[PDB]
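In case you want the letters, here they are:
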Amino acid sequence: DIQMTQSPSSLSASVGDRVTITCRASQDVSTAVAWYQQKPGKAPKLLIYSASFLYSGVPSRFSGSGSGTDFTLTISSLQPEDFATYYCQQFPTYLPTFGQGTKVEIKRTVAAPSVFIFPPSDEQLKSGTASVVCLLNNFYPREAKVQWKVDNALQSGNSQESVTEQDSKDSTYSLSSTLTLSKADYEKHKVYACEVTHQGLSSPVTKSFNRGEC
Amino acid sequence: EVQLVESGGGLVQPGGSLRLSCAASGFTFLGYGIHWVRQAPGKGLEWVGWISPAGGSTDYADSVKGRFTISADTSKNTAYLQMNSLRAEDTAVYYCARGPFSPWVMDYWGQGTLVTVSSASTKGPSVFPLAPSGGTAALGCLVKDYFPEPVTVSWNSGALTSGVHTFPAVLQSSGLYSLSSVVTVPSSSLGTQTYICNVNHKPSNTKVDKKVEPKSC
Amino acid sequence: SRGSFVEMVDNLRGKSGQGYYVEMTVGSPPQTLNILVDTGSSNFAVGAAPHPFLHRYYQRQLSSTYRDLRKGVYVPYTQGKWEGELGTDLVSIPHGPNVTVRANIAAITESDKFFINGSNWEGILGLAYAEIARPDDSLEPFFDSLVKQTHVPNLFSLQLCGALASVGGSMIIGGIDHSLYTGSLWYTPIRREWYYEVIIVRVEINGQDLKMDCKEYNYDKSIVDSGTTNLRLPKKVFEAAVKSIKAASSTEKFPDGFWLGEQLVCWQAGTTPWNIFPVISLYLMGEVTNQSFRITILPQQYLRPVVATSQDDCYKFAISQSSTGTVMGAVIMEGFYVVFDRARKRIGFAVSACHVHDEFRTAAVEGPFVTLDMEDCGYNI
């Protein structure tokens, strides 16, 4: 059972840079090798087959090469839409095994978040529960602190975070935070703030709403 | 148009049986073969099996050997994957991919079908509207307390893909999942253009189209 | 017989696996019809009535110059039989020699797996010799009527180009167009004037000799047949070729029907892996003693395109089994510029202007090699 050790496991480069991903077979696999691209959540697409032959529709900036055990995938001019995890494959003896993957992230300039805040819906409120949501839109880097405040109070252990994978078009991250309270608890408090701290902001931005107002 | 569509994905009991399908369309079924590959959440790929619908010619991996049985219906342009004695280690996204007889590569992959082996139960999601001044306004939909993965979200029947940000599903301490799907739209289009969440939770057969609108305040 | 015939250049059309046809006008007034170029036969026949598979046909009663011989003809095949009623009528080739000939013509009134659904040709032009002309030799073949009644040199060359997918080519009647090929023409003797029979002295796969007796290749004979798509091999030879091919092609996953020519194999358009297929070489008896030349074809030749969906490239094994000897079909003639020198009883081959190749390999006609077998590779007489 042939083995495929890719290297490295992950990397981050700038738009235009020359990125090279290496793959090592635990045995001479001739030229029976392939390379796939896979966006997070989406299916894998074939890029290179037989070590160096590009697949139909695969951009010219993608390049493959190698024989025996040392095969390499090279992306001469890195692009935002090239963000993904890359896998090599072997199939000389018709027992395919892939590499452990290599996530290629994109580096760009600082971008600040667009911060929205959403009240609990009447529909959820109908079931005696209230979910307050904060939304940070299109920012870089990924590092961002989101704190919840209820009448100037520090919340903790009652909220969750979810961050999107790097955008394929502009390479920015969107973030979603959720504060979950009961209908009763949510009804004795007035101000609900969502302080946001990001390298993009010169100072923490707070987006709030006064319950029962507007 | 080349396209594969897997099916049958859902919650399975440990030691249970499940049958996945692979609908082929837009390409010359006979002439290619069909591979089955799987991938755990956050893990890599693992070739499961192969078949030549003209005519099998079936091949498996040691992992699934003796439990998985690959089938093919040339009349229906469909490849099947019978799975038995399903253990927890079997939990993964199951892709079926078109395979040229040589080289033994997969050139077109389907979006796969998620399968989850667990003692837990299936619960549909609770879709809530995420609604709210400038030129652009943010509308969304909170898909709450469902299980198991995954959840598919499109806006306006797919006609709207600009500004959409469907977030990775977070696992709550309650054992249930929850994700968000947002979309920035021209503030002027509010009250002139309708927006709907196309939520779909196949494992639960729960499909929901939730319209999102600014509150009457 | 040796210059530049720009009015015959590119006068051939057809579809992959459906042969090459040329436009010929028959009768008075001139009925324009597409007739397949068939060197593997000697009879000139055309569909005489409406068919589902044909766009047009030969209306005898429309021709004031037509004359019925009130005698019938019938032709068993391999494969595609046909039968009809004999007669004569004026014939001319629009995109060819500016000459008119009164030749024999068989109005086809019945056939089986003969015509091809939407191949845009309704007739067949047997260019071979009268000895194999049905009912018998007495019926003068078209080309025999041509040279006997006009000043057209006893010679015709073909340039099948390929590349259902449409194709094109050239049929030079009377001469040798020197812009249709490069290098030189390597001639192999026409062993006998019935079919365009020759002698294959040696067969190879990726350079490796097939190691079969000389007269295993020519049993009961070897012919050059433009009217046949596939490269037909006698049982033994076919059995060995496919074996050797398998062994040197990394093709263990292909369906078995593929090798029988029943099941197709497809890749994404432009993604076909030619390099995983061997090259086939066929050494032919040279003109001078002990010498022989070889012709080398690629997978692009013996893998012909074949519902069949826009985005995909599909192929069928253009090498099939035979029971009547070797048949060098259209797949063997495409990459080259085959010359039928009837005057000097010889068939020349050369890399045509539309030679098939890629950024690695290419079709070639190479010589001279030595063969001490020569004329004793034949089997019958």
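Residues numbered from 1 in each chain as written, not as in the entry; some residues may be left out. Chains lettered and ligands numbered in written order. Heavy atoms only, no water.

- What the entry reports as its method is X-ray crystallography, with 2.800 Å given for the resolution.

**Some words on helix 2 (residues 235-247) of chain C**
Residues and elements named next belong to chain C.
Then, in step 1: Here helix 2 contains 13 residues, and its C-alpha end-to-end distance of 19 Å stays within 8% of the 18 Å for a straight helix at 1.5 Å per residue.
Then, in step 2: Taken together, the buried positions of helix 2 are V237, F238, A241, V242 and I245. The arc that holds the buried residues of helix 2, viewed along the axis, is 125 degrees, so those residues lie on one side. Among the exposed residues of helix 2, those pointing more than 90 degrees away from its buried face are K235, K236, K243 and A247. (Helix = DSSP H or I, 4+ residues; strand = E, 2+ residues; numbered from the N terminus. Expected span 1.5 Å × (residues − 1). Buried < 20%, exposed > 50% of the residue type's maximum accessible area, 1.4 Å probe, protein only. Arc of directions from axis to C-beta.)

**Description of the state of the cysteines**
Two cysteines whose sulfur atoms are joined by a covalent bond form what is called a disulfide.
All names here are of chain C.
Then, in step 1: In this structure the tally under the stated criterion is seven disulfides over all chains.
Then, in step 2: Disulfide pairing places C266 opposite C314 at an S-S distance of 2.0 Å. Between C266 and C314, the disulfide has an S-S torsion of 110 degrees and is therefore right-handed. In this structure, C266 and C314 share a single accessibility class: buried. (Disulfide = S-S within 2.5 Å.)

**Let's talk about the interface of chain B and chain C**
Then, in step 1: Facing 18 residues of chain B, the contacting portion of chain C comprises 15 residues.
Then, in step 2: Each partner contributes to the roughly 1200 Å² buried at the junction of chain B and chain C, and carbon and sulfur atoms together form 55% of this total.
Then, in step 3: Contact with chain C buries surface across chain B, with B:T28, B:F101 and B:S102 losing the most and accounting together for 40% of the total.
Then, in step 4: Scanning the region where chain B abuts chain C turns up two salt bridges.
Then, in step 5: A salt bridge links B:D59 to C:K253, with the shortest nitrogen-to-oxygen separation between them at 3.3 Å.
Then, in step 6: Along the contact surface separating chain B from chain C lie eight residue pairs in polar contact.
Then, in step 7: Here the residues of the side of chain B that touches chain C sort into nine nonpolar, six polar and three charged. (Contact = heavy atoms within 4.5 Å. Buried area = accessible area lost by both parts, 1.4 Å probe. Salt bridge = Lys/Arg side-chain N within 4 Å of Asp/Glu carboxyl O. Polar contact = N/O pair within 3.5 Å; in protein donor to acceptor, adjacent residues only side chain to side chain. Nonpolar A, V, L, I, M, F, W, Y, C, P; charged D, E, K, R; others polar.)

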